[PDB]
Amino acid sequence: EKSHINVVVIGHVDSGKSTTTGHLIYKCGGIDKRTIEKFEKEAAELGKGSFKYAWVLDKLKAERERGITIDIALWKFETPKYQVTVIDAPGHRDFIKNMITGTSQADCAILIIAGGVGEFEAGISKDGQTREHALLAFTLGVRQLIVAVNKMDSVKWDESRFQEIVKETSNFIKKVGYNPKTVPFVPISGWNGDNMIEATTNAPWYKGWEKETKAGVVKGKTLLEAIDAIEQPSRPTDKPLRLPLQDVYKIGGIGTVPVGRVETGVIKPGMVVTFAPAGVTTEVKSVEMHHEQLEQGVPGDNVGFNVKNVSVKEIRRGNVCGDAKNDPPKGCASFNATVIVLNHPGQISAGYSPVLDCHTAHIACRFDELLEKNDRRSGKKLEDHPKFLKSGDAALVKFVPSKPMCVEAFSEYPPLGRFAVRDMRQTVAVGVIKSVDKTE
């Protein structure tokens, strides 16, 4: 079956990323199609029948705002090679945590850039939400990026304007950390469809986009080809089992049934698992997802499984289920992680103890020691034991959890190695766990 990849689309409010993302989903997927159908029919009123996809998208938006559409916010579309789960990045401030600890981390980020002179500049501001999103993606290891310069119609498909925008955008993303040479730059019109799915006829000078990859140079013309050219990432199927619990139910005649997302490895009936940080061990009686009973739950599946001799009381949300015979999960005395401080009205000193969200855990952890301040992009140590951290700083920090906690090094188990630091009604920092002092 088409392989599965996740994509997050980011950009300034005036970039036109919603119309852009909407167009892809509209023509390459099947979301709220009954609503789309209604408006395609209604559009006959505009003239004698012809209609712009962007018009239909506009009407769908208003319909969604009324709260009467039927499909959920989980959006997908297809490319020749993939089934893409896409997220048109909300501007909502609470989305930052969701981006960090939510399920479905991105395999590629698509940065939509407005081509108009005023709108372009407003978009690359040093304090803009767009840069923060880009920084968060890079920090979380989203190394694949695609840039689409939208609204090319408003600048009359001028080659020089496109080139200057590529230039300035490359500087913008380079400062974040991406190597522009690996990024395809696609001039598009989300409203008119140019280079979206079919190549444009408004720019004779356009030879197509290109990107250097490890195997060679890849080229294409459209945004869809760019997406289809995203490189296949390797999935955790092969790593030990890790399943953070979201809920634990007590069902009559069946027993204890924890529910959670399989982040790494596979869960199957017959395995003997352990729940950290508690340390409880038991056999997996059966596994279920939606309506079907499973022979196995693979990475990505949100499954419910039944275990015996475990009061629901002895395991809870935040605990991590793993294989007892293949690097079983454990609590920790502390963990050291690289923390990137986001823009926020404050400064961090050793002793700081805000709530940390890691997988399904919500625990206050002390910034026990500020070990080093590092050059963010290279990781080079700039100083030992800084006395405080301010927005923009990248640093190695020793954390001591206030409650029993199970975390992993980002290198070994990514979904349990990244976290969000909450404070001031916002995520003030993002962490990547580098070492864990486990518990025995």
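In this text, the rigid core denotes the largest set of C-alpha atoms whose superposition between the two forms falls within 1.5 Å. Position 1 is the first residue in the sequence shown; the rest follow in order.
Stretch 39-47 is the one, of 405-413 and 39-47, whose CA positions lie farther from the shown form in 6 other deposited structures of this protein once all structures are superposed by the rigid core.
Rigid core superposition in 6 other deposited structures of this protein puts the Cα atoms of one stretch, out of 361-369 and 67-75, farther from the shown form on average, and that stretch is 67-75. Stretches 181-189 and 283-291 differ in mean CA B factor, with 283-291 having the higher one. Checked against the record, the higher mean CA B factor of 422-430 and 9-17 lies with 422-430. Which of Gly208, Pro354, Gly91, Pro269 has the largest Cα B-factor in the deposited entry comes down to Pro269.
You'll see in the entry that, of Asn326, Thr85, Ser334, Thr200, the Cα B factor peaks at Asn326.
In the deposited entry, the Cα temperature factor of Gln246 sits in the middle third of values across the chain's modelled residues. When the CA B factors of the chain's modelled residues are split into thirds, the value for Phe95 lands in the lowest one.
Ranked within its chain, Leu136 lands in the lowest third, by CA B factor from the PDB record. Compared with the other modelled residues of the chain, the Cα B-factor recorded for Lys313 ranks in the highest third.
Looking at the C-alpha B-factors along this chain, the one for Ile113 belongs to the lowest third.
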